[PDB]
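Encoded as structure tokens, the structure appears first; notes follow it.
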Amino acid sequence: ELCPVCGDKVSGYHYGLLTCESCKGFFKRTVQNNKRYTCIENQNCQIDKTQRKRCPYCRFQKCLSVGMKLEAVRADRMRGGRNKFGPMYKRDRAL
DNA sequence: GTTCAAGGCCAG
DNA sequence: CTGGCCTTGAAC
Ligand SMILES: [Zn+2]
Ligand SMILES: [Zn+2]
């Protein structure tokens, strides 16, 4: 399937839904360090595989827009296991 | 024992 | 900063 954010190849469920590996890394990086970006355009830049790197601000807005969850990023940076969205993913897979 | 989604590593 | 690959571990 295609990443709902940039269209790249999905690698699995990441923070609420299927996304590509790069967007998973980007969202993690962003939320973990409270990164704050600023768009030089009009905060409505188009995101695609070849432009996602051009504006992190709009890339992040899209991540939130499509449904990526801030709560899936762990405050205590705990490793492994499975979060509260475990069952949800199991349901999304079936349907 | 196996899954597999979340965190970590690091070459570029 | 980016993103492909690695490590971790509760849930099943
Ligand atoms: Zn993506
Ligand atoms: Zn923008």
Side-chain angles (χ1 to χ4, degrees), chain A residues 1-89 92 94:
Chain A
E1 189 51 59
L2 284 64
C3 180
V5 178
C6 73
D8 189 15
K9 187 189 177 191
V10 166
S11 62
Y13 287 92
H14 299 297
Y15 311 100
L17 44 33
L18 296 169
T19 73
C20 73
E21 193 69 17
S22 70
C23 280
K24 154 208 175 177
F26 175 75
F27 190 74
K28 179 183 67 191
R29 258 206 303 294
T30 303
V31 185
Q32 285 191 309
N33 314 292
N34 194 187
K35 299 296 181 54
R36 299 287 168 152
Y37 312 114
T38 59
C39 166
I40 298 183
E41 231 303 295
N42 300 304
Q43 304 182 303
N44 73 307
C45 296
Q46 293 298 300
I47 303 296
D48 58 48
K49 188 165 181 176
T50 61
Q51 299 190 64
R52 67 192 183 196
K53 190 159 57 186
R54 297 300 178 179
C55 182
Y57 176 82
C58 271
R59 184 183 186 169
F60 190 56
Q61 308 307 306
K62 194 164 178 183
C63 281
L64 289 173
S65 170
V66 298
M68 286 180 85
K69 307 174 181 305
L70 296 165
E71 324 88 271
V73 180
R74 306 169 184 179
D76 57 11
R77 297 175 304 166
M78 200 181 291
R79 306 289 263 85
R82 195 112 287 150
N83 62 40
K84 65 179 181 180
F85 299 93
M88 176 193 266
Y89 299 140
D92 184 289

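Residue numbers start from 1 in every chain, and the chains themselves are labelled A, B, ... in the order their sequence lines are given, proteins ahead of strands. Only heavy atoms go into these numbers, but all of them, side chains included; no hydrogens, no water, no symmetry mates.
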*asked:* Taking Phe85(A)'s backbone N and O only, do any of them form a donor-acceptor pair with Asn83(A)'s side chain (distance below 3.5 Å, no angle check)?
replied: yes

*Counting only side-chain N and O atoms of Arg77(A), is one of them less than 4.0 Å from OP1 or OP2 of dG9(C)?*
no

*With distance as the sole criterion, do the side chain of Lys28(A) and the base of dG3(C) form a donor-acceptor contact below 3.5 Å?*
no

*Is any side-chain N or O of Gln32(A) closer than 4.0 Å to OP1 or OP2 of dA6(B)?*
no

_Does a side-chain N or O of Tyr89(A) approach OP1 or OP2 of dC12(C) to a distance below 4.0 Å, or not?_
no

*Answer with base, sugar-phosphate or nothing: what part of the nucleic acid does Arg59(A) contact at a heavy-atom distance below 4.0 Å?*
sugar-phosphate

*So does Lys35(A) have more than 12 non-hydrogen atoms from other groups sitting under 6.0 Å from NZ?*
yes

*Out of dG7(B), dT2(C), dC5(C), which nucleotide sits closest to the side chain of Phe26(A)?*
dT2(C)

_Rounding to an integer number of Å, can you tell me how far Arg79(A) CZ sits from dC4(B) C1'?_
13 Å

*asked:* Side chain of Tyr13(A) only, heavy atoms from C-beta on: which candidate in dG8(B), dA5(B), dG4(C) is closest?
replied: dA5(B)

*asked:* Check this one for me: any side-chain N or O of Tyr15(A) less than 4.0 Å away from OP1 or OP2 of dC4(B)?
replied: no

_Side chain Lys62(A), main chain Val5(A), donor-acceptor under 3.5 Å_ = yes

*Six-ring centre of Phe26(A), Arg52(A) cation under 6.0 angstrom, axis tolerance 45°*: no

*Just how far, in rounded Å, is P of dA11(C) from CE of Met88(A)?*
18 Å

*Would you please confirm or rule out a distance under 4.0 Å between OP1 or OP2 of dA5(B) and any side-chain N or O of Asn83(A)?*
no

_Please tell me if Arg29(A) has a side-chain N or O lying less than 4.0 Å from either OP1 or OP2 of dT2(C)._
yes

*Listed nucleotide nearest any side-chain atom of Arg82(A), set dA5(B), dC1(C), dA6(B)*: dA5(B)

